[PDB]
């Protein structure tokens, strides 16, 4: 658009018209050059500018698009900003020594390259696939991640190769032994990693999971179960105005981008007319999935899924009534493809409300529980599912009627697999999940990025450790040895914040406003992070994994806010060695900057360590991960008590029923 209609809300994602305006603007600025588009996305307003606009009648922030382009024959990328109202490029630079995120188009192009490459064909034949069956060879073409033979000097993928006997097979039972290295932009194989011990393609049957396969494998499918139907005959209780949600006193903006997927902003709670801010922004900002086999070339498997592929780019169009059950409001996602044209993923986000059991209950034993009050809970769910080659990550942002917010994740999909010889032991680094199939050990780690405003600006964070009293059993201070308390360590400088979950203290963390006080308890209003799926990073200090994901070696990292501190392994993740002051390493600095009562960013590392078993193959049952942020000392009483009970009978009423 010329200029584009500006959005309803400054945090709305770029419309398809805005995306096209941005790419036309960039094409014109680079006229006479052959360029392609890697990223065209909203450059969100500065936090100050946004808050000022929202709450102080301030300036309208300009509507800006951030782009990343490649140019034929030039190394690295160029990036910059387009001002949409004037259709001009206002910032631009060349970054010749980085590589960018891999788009779906980029994942889709590698198969034709390797199928037609003579050296790859030769390895296929050595592996036992005839030269004329190349259409049966497939690959998951990961970023090379990091290989010290090339650095960032070419843009590279590593084709993890597999074989299908029929196109409807699940290929993951038949990995091949070798790994071609592909120059993404030149479209050619530059190298093939070949193991010292060769293992030829498995001769077993594929391990398949569609109904036609299972009928052959186990005799029959189970009959259809009788349905469980879920209806909202009088509609839903939430209200959307564009991307702005209001539900059970919560209000917030639902955003979305190519990289983070869902981005929740401007989150507040309406406390009987007093609208109290909670978070300025919350999202997942990066991931790392480090594998645990030391043998070459498997050190290159440590995918930073968000930075290297994108939870937006990889997001699934969710299916009419299957992925999301019940009455659903959907949002579409819009990106640019390599030619500069907008592409849409329909039904990328689903939004709906679901039963969530009991909110609270109490009954009196005195009349045999006749005196009783029970109130049911409803939750609001904002969700997407993304597919990073083999993996499926189901992400659910959950708002609850006690004022808590939960992130739930379910891992499913398929294990990454490598070939195993008939006599080869997989342990200790993997598991034989099927004949000739080694599924290597790995971790899934996530970096949750919280930009808080607990009851307003000026916040701090703290570790909370349960501790026995230091006074011994038998002392006047602790006669019976039962005394215990919560030790709160307020983080003063960045260094103080660098903390891990500790089972020995049941560690939680507070994000609080030290400028306010709860009139009952005397404590600051807070949201408490309750999170126990917090694995140590197993890779060693100084390892490639530890270097490329500096955020992952602590459960909690707290840094001063600054604009554009979104991505903790840096802006351009693929093929960075992990050497340099960028991302979280930059933001931590020398550890000395103040983080007490200021504008802060709280980054939480959480996830699981996965030791594969046969139950996970050929397709894996959902594995749950959760964390919760809970109001503590935020309210002066339970915020849900004005919700009509499902059943309520008082002591006097019970006497009147006789």
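Residue numbers count along the first chain shown, from 1. C-alpha atoms forming the largest set that superposes within 1.5 Å between two forms make up the rigid core.
So which moves more in 7 other deposited structures of this protein by CA, 100-108 or 272-280, given a superposition on the core? Result of the core-fitted comparison in 7 other deposited structures of this protein: 100-108 deviates more.
Comparing 320-328 and 478-486 where Cα RMS over structures and residues is taken in 7 other deposited structures of this protein (core fit), larger one: With the rigid core superposed, the C-alphas that lie farther in 7 other deposited structures of this protein are those of 320-328.
Comparing 68-76 with 225-233, which has the greater mean CA B-factor as deposited? It is 225-233 that shows the higher mean C-alpha B-factor.
Between 180-188 and 555-563, which has the larger average Cα B-factor in the PDB entry? It is 180-188 that shows the higher mean C-alpha B-factor.
At the C-alpha atoms, which of 528, 135, 155, 300 reaches the highest B-factor in this entry? In this record, 135 carries the highest C-alpha B-factor of the candidates.
Just the C-alpha B-factor column, please: which of 100, 130, 481, 430 has the biggest number? Highest C-alpha B-factor among the listed residues goes to 130.
Ordered by C-alpha B-factor within the chain, which third holds residue 33? Give me lowest, middle or highest, please. Answer is highest: the recorded C-alpha B-factor places it there.
Please say which third, lowest, middle or highest, residue 477 falls into when its CA temperature factor is compared across its chain. Middle third - that is where residue 477 ends up once the chain's C-alpha B-factors are sorted.
Residue 161: which third of its chain by C-alpha temperature factor? For residue 161, whose C-alpha B-factor we compare with every modelled residue in the chain, the answer is the middle third.
Based on the deposited C-alpha B factors for this chain, I'd like to know if residue 491 is in the lowest, middle or highest third. It belongs to the lowest third of the chain when residues are ordered by C-alpha B-factor.
Could you tell me which third, lowest, middle or highest, the C-alpha B-factor of residue 632 occupies within its chain? CA B-factor rank for residue 632: lowest third.
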